[PDB]
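One structure below.
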Amino acid sequence: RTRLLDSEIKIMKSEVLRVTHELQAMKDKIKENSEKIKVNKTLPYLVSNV
Amino acid sequence: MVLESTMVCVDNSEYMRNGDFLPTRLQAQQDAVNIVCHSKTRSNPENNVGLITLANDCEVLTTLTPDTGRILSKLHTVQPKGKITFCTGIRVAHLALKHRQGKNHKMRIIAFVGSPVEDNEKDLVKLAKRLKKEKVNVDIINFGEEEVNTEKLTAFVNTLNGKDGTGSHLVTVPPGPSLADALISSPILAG
Amino acid sequence: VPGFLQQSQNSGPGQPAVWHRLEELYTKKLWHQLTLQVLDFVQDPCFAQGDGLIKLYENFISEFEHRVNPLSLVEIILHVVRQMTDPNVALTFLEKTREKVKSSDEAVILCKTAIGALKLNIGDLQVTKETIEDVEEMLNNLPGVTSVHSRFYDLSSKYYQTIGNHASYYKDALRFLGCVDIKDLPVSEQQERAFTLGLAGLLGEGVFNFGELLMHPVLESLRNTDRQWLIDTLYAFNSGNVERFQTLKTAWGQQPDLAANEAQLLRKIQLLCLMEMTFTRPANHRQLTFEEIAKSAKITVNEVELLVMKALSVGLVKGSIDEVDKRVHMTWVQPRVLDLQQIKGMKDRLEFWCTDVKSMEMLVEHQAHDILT
């Protein structure tokens with residue numbers, strides 16, 4: 001049952017990897033959402049033709 | 001709570017890879033880092049913990065910072081390989097703690113030695129009376145194998161303190177099969 | 001299981017002092033002193049009779065150790081195949097320890113050097129290009145091991161044996177001469193390696209200045225113990241293209257493999273004149289006679305033309321072929337090794353230039369000093 005406990009602690013290591021996913025997802029996402037706040041809230045938009 | 005700064009001094013030498021100490025020696029010192037980072041979470045979070053090695057380099061990858069979740073991420077792929085130099089380890093950790101943020105924090109440092117170091121007792125007594133003139137207690141926990149009953153680090157424990165500042169506690173290594181938490185159970189009992 | 005060393009506990013005199021300790025080494029589950037003991041079994045002086053027995057035990061060490069580096073596995077499987085005298089079973093073990101081993105201390109290059117070191121029996125023309133070139137394809141991270149580089153010389157020198165690019169032997173010497181630094185093998189075989197190194201560097205003629213680096217210790221300590229004239233005839237291909245004693249004593253002592261390159265060695269002495277005439281002589285003479293090239297070249301008048309055109313085909317000189325008088329004009333040449341006396345004469349004419357241009361410069365400025373204001 002040693003490999004089962006090894007995989008049990010590896011489940012916690014994969015939960016730490018999920019926490020790394022949560023960090024590099026939420027932090028980077030909200031920073032890029034803040035840049036889209038800076039760029040996209042500029043509600044007067046000149047429209048035009050391509 | 002209490003204000004200090006404990007610098008975990010891991011060993012990344014090529015002797016910490018077998019399984020005489022429990023299912024990985026990497027996992028043994030890794031659980032040691034787990035219990036000391038949880039112990040400094042249970043201590044004052046105003047305090048700070050940073051990583052350093054004694055072998056193959058003096059590797060600073062994290063700052064001596066009050067966060068340790070990134071240190072828990074830094075547990076991975078440590079790859080212990082090189083050659084020990086703990087005698088620069090004491091001084092590199094001490095200048096790392098002279099690069100702190102506050103002076104009201106004390107200096108009780110741990111160290112993990114797991115290899116035969118070419119450390120003169122004159123070297124470590126220079127370091128030890130240096131710490132007598134630098135106010136640091138050091139609680140070293142012997143890992144790996146250099147001697148079944150370490151003496152140079154016992155001499156450093158002897159030459160660090162006297163009559164008032166006996167904060168040098170040396171868990172000598174049990175080089176046969178001894179557990180993962182039975183080694184660190186005595187410093188969590190008394191550092 | 002200790003019952004295997006209970007029956008294989010005898011390998012030498014005073015032998016079970018390491019075996020009763022060895023059944024403390026792995027039974028107390030330490031494995032780095034067992035890496036030391038695998039080094040000791042590589043070290044173990046015998047007819048190598050315990051290694052073909054301990055091979056399955058070492059496989060077991062790899063199975064329930066699952067960390068250690070298979071460099072000692074390569075150096076002990078060469079001992080196992082030294083016992084068993086056939087690599088085809090070790091080919092199966094080699095493909096095995098290539099398919100199951102992805103070890104972190106550079107397992108792929110030790111696999112490719114296992115292919116190289118047991119390529120000695122499988123033939124060296126079907127597989128040399130592919131996997132020996134694949135070694136340095138896989139050495140694209142950090143070529144600083146020097147053990148894989150010495151074994152890489154060994155397989156690239158077997159590639160030199162199975163003849164491809166004689167001229168690549170100078171670079172292969174830059175990999176052996178480059179690989180070794182301290183002598184780490186007996187001088188009593190090194191000096192014959194320097195012997196055949198000079199011979200095979202002579203057999204490959206691409207760089208044609210083979211006395212380029214001969215302040216190199218682990219060849220010069222053989223140069224002053226080998227025959228003393230072979231080095232001087234490499235110096236007769238390095239410095240001066242005369243003394244038929246030397247450049248024919250390379251046929252006197254070395255009888256074979258010289259007539260197969262004789263005209264090309266005449267070409268080498270006919271470029272040794274090309275370095276001479278502008279290196280040693282006063283500055284250039286600006287126009288150099290057919291007697292000069294033909295005299296250092298020990299050749300007729302009607303070949304220095306072919307010589308200077310052949311030097312243009314080589315591309316070491318950009319010269320103008322002045323032969324309206326058979327007296328040749330000079331341009332830039334690829335230089336040869338600056339000697340100690342040539343360091344001193346270079347200091348002479350160079351400080352001549354330096355302090356003369358500086359002094360007459362200060363004189364020009366001394367005349368130009370009056371109008372600054």
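Please note that chains go A, B, ... in the order of the structure tokens, that every chain numbers its residues from 1, and that ligands are numbered from 1 in the order shown.
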I'd like the neighbourhood of segment 16-23 of chain B as a PDB file with C-alpha atoms, in the first residue's frame, where a residue qualifies if any of its atoms comes within 8 Å (using only C-alpha atoms), though same-chain residues fewer than 2 positions away should be ignored.
ATOM      1  CA  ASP B  11      21.426  20.104   1.562  1.00  0.00           C
ATOM      2  CA  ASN B  12      21.463  19.601  -2.201  1.00  0.00           C
ATOM      3  CA  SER B  13      24.496  17.299  -2.241  1.00  0.00           C
ATOM      4  CA  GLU B  14      24.675  13.909  -3.949  1.00  0.00           C
ATOM      5  CA  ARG B  25      15.750  11.384   1.726  1.00  0.00           C
ATOM      6  CA  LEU B  26      14.637  14.230  -0.544  1.00  0.00           C
ATOM      7  CA  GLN B  27      11.211  13.606   0.966  1.00  0.00           C
ATOM      8  CA  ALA B  28      12.796  13.495   4.445  1.00  0.00           C
ATOM      9  CA  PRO B  80      20.431  17.050  -4.621  1.00  0.00           C
ATOM     10  CA  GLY B 114      24.109  15.621   5.304  1.00  0.00           C
ATOM     11  CA  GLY B 144      22.621  12.292   5.607  1.00  0.00           C
ATOM     12  CA  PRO B 175      22.444   6.973  10.045  1.00  0.00           C
ATOM     13  CA  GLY B 176      20.387   3.760  10.044  1.00  0.00           C
ATOM     14  CA  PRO B 177      16.662   3.596   9.341  1.00  0.00           C
ATOM     15  CA  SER B 178      15.020   6.309  11.410  1.00  0.00           C
ATOM     16  CA  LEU B 179      11.719   7.902  10.511  1.00  0.00           C
ATOM     17  CA  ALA B 180      10.654  11.095   8.740  1.00  0.00           C
TER      18      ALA B 180
ATOM     19  CA  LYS C  28      20.569  -0.690   6.011  1.00  0.00           C
ATOM     20  CA  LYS C  29      19.225   0.738   2.712  1.00  0.00           C
ATOM     21  CA  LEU C  30      21.962   3.232   1.970  1.00  0.00           C
ATOM     22  CA  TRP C  31      22.952   3.376  -1.683  1.00  0.00           C
ATOM     23  CA  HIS C  32      25.664   6.023  -2.122  1.00  0.00           C
ATOM     24  CA  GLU C  65      16.990   1.743  -5.616  1.00  0.00           C
ATOM     25  CA  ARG C  67      17.571   6.771  -8.232  1.00  0.00           C
TER      26      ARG C  67
END
Enumerate, as JSON, numbers by chain, the complete set of residues in segment 184-360 of chain C that a backbone-based DSSP assignment places in strand (DSSP E or B). {"C": [288, 289, 317, 327, 328, 333]}
For N, CA, C and O atoms, I'd like the residues from the last selection saved as a PDB file, in the first residue's frame.
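Result went into part09.pdb, see below:
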ATOM      1  N   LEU C 288      59.778  38.633 -55.134  1.00  0.00           N
ATOM      2  CA  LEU C 288      60.531  37.485 -54.629  1.00  0.00           C
ATOM      3  C   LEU C 288      60.797  36.460 -55.718  1.00  0.00           C
ATOM      4  O   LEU C 288      59.860  35.889 -56.282  1.00  0.00           O
ATOM      5  N   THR C 289      62.077  36.167 -55.936  1.00  0.00           N
ATOM      6  CA  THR C 289      62.540  35.489 -57.136  1.00  0.00           C
ATOM      7  C   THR C 289      62.207  34.006 -57.133  1.00  0.00           C
ATOM      8  O   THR C 289      62.042  33.373 -56.091  1.00  0.00           O
ATOM      9  N   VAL C 317      46.653  33.366 -49.401  1.00  0.00           N
ATOM     10  CA  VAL C 317      47.332  34.560 -49.886  1.00  0.00           C
ATOM     11  C   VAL C 317      46.516  35.136 -51.038  1.00  0.00           C
ATOM     12  O   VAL C 317      45.883  34.397 -51.799  1.00  0.00           O
ATOM     13  N   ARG C 327      59.741  36.896 -60.399  1.00  0.00           N
ATOM     14  CA  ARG C 327      60.036  37.476 -59.096  1.00  0.00           C
ATOM     15  C   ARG C 327      58.719  37.942 -58.505  1.00  0.00           C
ATOM     16  O   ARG C 327      58.140  38.917 -58.984  1.00  0.00           O
ATOM     17  N   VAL C 328      58.261  37.265 -57.463  1.00  0.00           N
ATOM     18  CA  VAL C 328      56.848  37.236 -57.098  1.00  0.00           C
ATOM     19  C   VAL C 328      56.535  38.300 -56.054  1.00  0.00           C
ATOM     20  O   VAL C 328      57.291  38.500 -55.099  1.00  0.00           O
ATOM     21  N   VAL C 333      49.259  36.944 -45.717  1.00  0.00           N
ATOM     22  CA  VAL C 333      49.349  35.501 -45.549  1.00  0.00           C
ATOM     23  C   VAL C 333      48.762  35.143 -44.186  1.00  0.00           C
ATOM     24  O   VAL C 333      48.754  35.958 -43.258  1.00  0.00           O
TER      25      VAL C 333
END
Which of C:220, C:226, C:349, C:237 sits closest to residue 282 of chain C [using only C-alpha atoms]: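 Selected residue with least distance to residue 282 of chain C: C:349.
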Which polymer residues have any atom within 9 Å of an atom of residue 84 of chain B, counting only C-alpha atoms, with same-chain residues fewer than 6 positions away left out, as number ranges by chain? B: 11-13, 53-57, 113-118
How close does chain B get to chain A? List, as a Markdown table, each residue of chain B within 10 Å, its nearest atom pair and the distance in Å to one decimal, counting only C-alpha atoms.
| residue | atom | partner | partner_atom | distance |
| --- | --- | --- | --- | --- |
| B:23 | CA | A:2 | CA | 9.1 |
| B:69 | CA | A:16 | CA | 9.2 |
| B:70 | CA | A:20 | CA | 9.2 |
| B:72 | CA | A:16 | CA | 8.5 |
| B:73 | CA | A:16 | CA | 7.5 |
| B:76 | CA | A:13 | CA | 9.4 |
For the interface of chain C with chain B (cut-off 12 Å, counting only C-alpha atoms), please tabulate each contacting residue of chain C alongside its nearest pair of atoms and their separation in Å to one decimal, rows sorted by chain and increasing number, as CSV.
residue,atom,partner,partner_atom,distance
C:24,CA,B:176,CA,9.7
C:25,CA,B:20,CA,9.6
C:26,CA,B:20,CA,8.8
C:27,CA,B:20,CA,9.0
C:28,CA,B:176,CA,6.0
C:29,CA,B:20,CA,4.4
C:30,CA,B:20,CA,5.0
C:31,CA,B:18,CA,5.5
C:32,CA,B:15,CA,6.3
C:33,CA,B:15,CA,9.0
C:34,CA,B:18,CA,10.0
C:35,CA,B:15,CA,10.4
C:36,CA,B:15,CA,11.4
C:61,CA,B:18,CA,11.5
C:62,CA,B:18,CA,11.8
C:64,CA,B:19,CA,9.8
C:65,CA,B:18,CA,7.2
C:66,CA,B:18,CA,8.9
C:67,CA,B:17,CA,7.0
C:68,CA,B:17,CA,8.1
C:69,CA,B:14,CA,10.8
C:103,CA,B:79,CA,11.6
C:104,CA,B:79,CA,8.7
C:105,CA,B:81,CA,9.6
How would the residues just picked look written out with C-alpha atoms as a compact mmCIF listing (two decimals), in the first residue's frame?
# COMPACT_ATOMS: atom_id res chain seq x y z
CA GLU C 24 25.14 -3.72 6.12
CA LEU C 25 25.37 -1.22 3.21
CA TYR C 26 22.34 -2.27 1.23
CA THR C 27 20.46 -3.95 4.07
CA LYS C 28 20.57 -0.69 6.01
CA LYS C 29 19.23 0.74 2.71
CA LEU C 30 21.96 3.23 1.97
CA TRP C 31 22.95 3.38 -1.68
CA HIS C 32 25.66 6.02 -2.12
CA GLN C 33 28.28 3.91 -0.41
CA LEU C 34 26.89 1.16 -2.61
CA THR C 35 27.64 3.44 -5.56
CA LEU C 36 31.15 3.52 -4.06
CA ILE C 61 19.86 -2.57 -7.28
CA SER C 62 18.45 -0.46 -10.12
CA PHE C 64 14.61 -1.22 -5.75
CA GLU C 65 16.99 1.74 -5.62
CA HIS C 66 15.40 3.66 -8.54
CA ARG C 67 17.57 6.77 -8.23
CA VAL C 68 21.23 6.10 -9.06
CA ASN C 69 23.08 7.13 -12.26
CA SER C 103 18.08 9.22 -15.53
CA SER C 104 18.78 12.86 -14.76
CA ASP C 105 22.60 12.82 -14.86
Restricting the calculation to only C-alpha atoms, which member of C:142, C:309, C:155, C:81 is positioned closest to residue 116 of chain C?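 Of C:142, C:309, C:155, C:81, the one nearest residue 116 of chain C is C:155, counting only C-alpha atoms.
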Write out as a ChimeraX atom specification all residues of chain A that DSSP puts in helix (DSSP H, G or I) for this structure's backbone. /A:2-40
Let's have the selection written as a compact mmCIF listing (two decimals), in the first residue's frame, with N, CA, C and O atoms.
# COMPACT_ATOMS: atom_id res chain seq x y z
N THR A 2 2.15 1.08 -0.29
CA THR A 2 3.08 2.21 -0.28
C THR A 2 2.89 3.11 -1.49
O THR A 2 2.93 4.34 -1.37
N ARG A 3 2.66 2.52 -2.67
CA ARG A 3 2.41 3.31 -3.87
C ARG A 3 1.06 4.03 -3.80
O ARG A 3 0.91 5.10 -4.39
N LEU A 4 0.09 3.46 -3.08
CA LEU A 4 -1.19 4.12 -2.90
C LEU A 4 -1.05 5.38 -2.05
O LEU A 4 -1.64 6.42 -2.36
N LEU A 5 -0.23 5.32 -0.99
CA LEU A 5 0.02 6.51 -0.18
C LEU A 5 0.90 7.51 -0.93
O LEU A 5 0.77 8.73 -0.73
N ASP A 6 1.82 7.01 -1.76
CA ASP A 6 2.62 7.88 -2.62
C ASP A 6 1.74 8.65 -3.59
O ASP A 6 1.90 9.86 -3.77
N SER A 7 0.77 7.97 -4.21
CA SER A 7 -0.19 8.65 -5.07
C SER A 7 -1.14 9.52 -4.26
O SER A 7 -1.66 10.51 -4.79
N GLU A 8 -1.37 9.19 -2.99
CA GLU A 8 -2.20 10.05 -2.14
C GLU A 8 -1.51 11.38 -1.85
O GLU A 8 -2.16 12.43 -1.85
N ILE A 9 -0.21 11.34 -1.60
CA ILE A 9 0.53 12.59 -1.44
C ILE A 9 0.74 13.27 -2.79
O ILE A 9 0.85 14.50 -2.86
N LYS A 10 0.78 12.50 -3.88
CA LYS A 10 0.85 13.09 -5.21
C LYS A 10 -0.46 13.76 -5.59
O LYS A 10 -0.46 14.68 -6.41
N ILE A 11 -1.58 13.32 -5.01
CA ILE A 11 -2.84 14.03 -5.18
C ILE A 11 -2.77 15.40 -4.50
O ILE A 11 -3.30 16.38 -5.02
N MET A 12 -2.08 15.48 -3.36
CA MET A 12 -1.86 16.78 -2.73
C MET A 12 -0.88 17.63 -3.52
O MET A 12 -1.02 18.86 -3.57
N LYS A 13 0.12 17.00 -4.15
CA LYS A 13 1.02 17.74 -5.05
C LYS A 13 0.28 18.24 -6.29
O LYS A 13 0.56 19.34 -6.77
N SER A 14 -0.68 17.47 -6.79
CA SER A 14 -1.50 17.92 -7.90
C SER A 14 -2.51 18.97 -7.46
O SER A 14 -2.92 19.80 -8.27
N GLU A 15 -2.90 18.95 -6.19
CA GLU A 15 -3.70 20.06 -5.66
C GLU A 15 -2.85 21.31 -5.51
O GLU A 15 -3.36 22.43 -5.68
N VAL A 16 -1.56 21.16 -5.20
CA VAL A 16 -0.66 22.31 -5.21
C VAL A 16 -0.47 22.81 -6.63
O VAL A 16 -0.33 24.02 -6.86
N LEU A 17 -0.47 21.91 -7.61
CA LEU A 17 -0.41 22.32 -9.01
C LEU A 17 -1.71 22.99 -9.45
O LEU A 17 -1.68 23.91 -10.27
N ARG A 18 -2.84 22.56 -8.90
CA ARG A 18 -4.11 23.26 -9.12
C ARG A 18 -4.10 24.63 -8.47
O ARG A 18 -4.71 25.57 -8.99
N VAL A 19 -3.41 24.77 -7.33
CA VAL A 19 -3.25 26.08 -6.70
C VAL A 19 -2.34 26.97 -7.54
O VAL A 19 -2.55 28.18 -7.62
N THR A 20 -1.33 26.38 -8.18
CA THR A 20 -0.49 27.14 -9.11
C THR A 20 -1.27 27.55 -10.34
O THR A 20 -1.07 28.65 -10.88
N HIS A 21 -2.18 26.68 -10.80
CA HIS A 21 -3.08 27.03 -11.88
C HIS A 21 -4.03 28.15 -11.47
O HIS A 21 -4.28 29.07 -12.25
N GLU A 22 -4.55 28.08 -10.24
CA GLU A 22 -5.41 29.12 -9.70
C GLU A 22 -4.67 30.45 -9.61
O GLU A 22 -5.23 31.50 -9.95
N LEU A 23 -3.41 30.43 -9.20
CA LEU A 23 -2.63 31.66 -9.08
C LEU A 23 -2.32 32.25 -10.45
O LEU A 23 -2.69 33.39 -10.74
N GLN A 24 -1.66 31.47 -11.32
CA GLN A 24 -1.29 31.96 -12.65
C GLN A 24 -2.49 32.18 -13.56
O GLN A 24 -2.33 32.80 -14.62
N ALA A 25 -3.67 31.69 -13.19
CA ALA A 25 -4.89 32.00 -13.90
C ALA A 25 -5.57 33.25 -13.36
O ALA A 25 -5.77 34.21 -14.10
N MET A 26 -5.87 33.27 -12.06
CA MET A 26 -6.63 34.36 -11.46
C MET A 26 -5.83 35.66 -11.46
O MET A 26 -6.36 36.71 -11.85
N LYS A 27 -4.56 35.61 -11.04
CA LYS A 27 -3.74 36.81 -10.96
C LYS A 27 -3.50 37.42 -12.34
O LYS A 27 -3.77 38.61 -12.56
N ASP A 28 -3.00 36.61 -13.28
CA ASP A 28 -2.74 37.09 -14.64
C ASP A 28 -4.03 37.53 -15.33
O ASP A 28 -4.04 38.55 -16.04
N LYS A 29 -5.13 36.82 -15.08
CA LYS A 29 -6.40 37.14 -15.69
C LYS A 29 -6.94 38.47 -15.19
O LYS A 29 -7.37 39.30 -15.98
N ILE A 30 -6.89 38.70 -13.88
CA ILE A 30 -7.40 39.94 -13.32
C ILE A 30 -6.49 41.12 -13.66
O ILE A 30 -6.98 42.24 -13.87
N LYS A 31 -5.18 40.89 -13.82
CA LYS A 31 -4.30 41.96 -14.30
C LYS A 31 -4.62 42.34 -15.75
O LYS A 31 -4.66 43.53 -16.10
N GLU A 32 -4.86 41.34 -16.59
CA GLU A 32 -5.22 41.64 -17.97
C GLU A 32 -6.64 42.19 -18.07
O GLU A 32 -6.92 43.00 -18.96
N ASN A 33 -7.52 41.80 -17.15
CA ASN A 33 -8.83 42.45 -17.05
C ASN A 33 -8.70 43.89 -16.60
O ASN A 33 -9.50 44.74 -16.99
N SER A 34 -7.70 44.20 -15.77
CA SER A 34 -7.46 45.58 -15.36
C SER A 34 -6.92 46.41 -16.52
O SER A 34 -7.23 47.60 -16.64
N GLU A 35 -6.10 45.79 -17.37
CA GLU A 35 -5.67 46.51 -18.57
C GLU A 35 -6.84 46.72 -19.53
O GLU A 35 -6.95 47.78 -20.16
N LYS A 36 -7.73 45.74 -19.63
CA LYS A 36 -8.95 45.91 -20.41
C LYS A 36 -9.93 46.88 -19.76
O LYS A 36 -10.78 47.45 -20.45
N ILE A 37 -9.84 47.08 -18.45
CA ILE A 37 -10.54 48.17 -17.78
C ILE A 37 -9.97 49.51 -18.24
O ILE A 37 -10.71 50.44 -18.56
N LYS A 38 -8.63 49.61 -18.29
CA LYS A 38 -7.99 50.86 -18.70
C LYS A 38 -8.27 51.20 -20.16
O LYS A 38 -8.40 52.38 -20.51
N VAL A 39 -8.38 50.19 -21.02
CA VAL A 39 -8.44 50.41 -22.46
C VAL A 39 -9.89 50.41 -22.93
O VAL A 39 -10.27 51.19 -23.81
N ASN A 40 -10.72 49.59 -22.31
CA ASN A 40 -12.06 49.37 -22.82
C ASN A 40 -13.12 50.25 -22.18
O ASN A 40 -14.21 50.39 -22.76
